[PDB]
């Protein structure tokens, strides 16, 4: 069975280079072109360039010519793409893919290396409780947790040690002053709050951070 192995993630400083690997198995390496495809968050696919591992002949999207250097290591059945002089424009997922034999549909795809370009340091998140003040809805109440200024991704957000898993919306993270911010809402019965405890537990593995924030009225 053909496999294409890519690292999950890379954190790279602006201006630095990164070399992404794509390791193939389950077939004859030199018999098929390998291809690299960029996808910016929430956007479409863009072709970068492709290489024939047999002789390392390449083809590039004109605009990546000088920016993306494609190589293989025949001894390890590995294709590499190096991006240099990174900017925030280079933050994206990079897939490798392999075509057929003398045919050029992309038959096998790697899982993608998610690249984040940032000068931010590992920074633990701040967790602020969002409780309301004033006019209640009908038999229902909404709580939230604001997670501000952390790096890198991800955080794990749970509610009540995972026992609240019913009416939760955790929004995708956004960039705020060179750092990430997200929020999570939870909607619960008014019989349960503030009559009992609601706590959001926010884990930031990269900083070994684990903070519980109990939500209190006012």
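Residue numbers count along the first chain shown, from 1.
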(request) Give the stretch, out of 156-164 and 29-37, with the larger mean C-alpha temperature factor in the deposited entry. (result) 156-164
(request) Higher average CA B factor in the deposited record is what I'm after, so tell me if that's 196-204 or 9-17. (result) 196-204
(message) Per the entry's Cα B factor values, which of 142, 84, 119, 88 stands out as the maximum?
(response) 142
(request) Name the one of 111, 97, 76, 138 with the greatest CA B-factor according to the PDB entry. (result) 138
(message) Lowest, middle or highest third: which one holds residue 101 when the chain's residues are ordered by CA B-factor from the entry?
(response) middle
(message) Using only modelled residues of the chain, where does the Cα B factor of residue 170 rank: lowest third, middle third or highest third?
(response) middle
(message) What third of the chain does residue 66 rank in for C-alpha temperature factor, lowest, middle or highest?
(response) lowest
(request) Determine, from the deposited record, the chain-internal third of the Cα B-factor for residue 93: lowest, middle or highest. (result) lowest
(message) Using only modelled residues of the chain, where does the Cα B factor of residue 191 rank: lowest third, middle third or highest third?
(response) highest
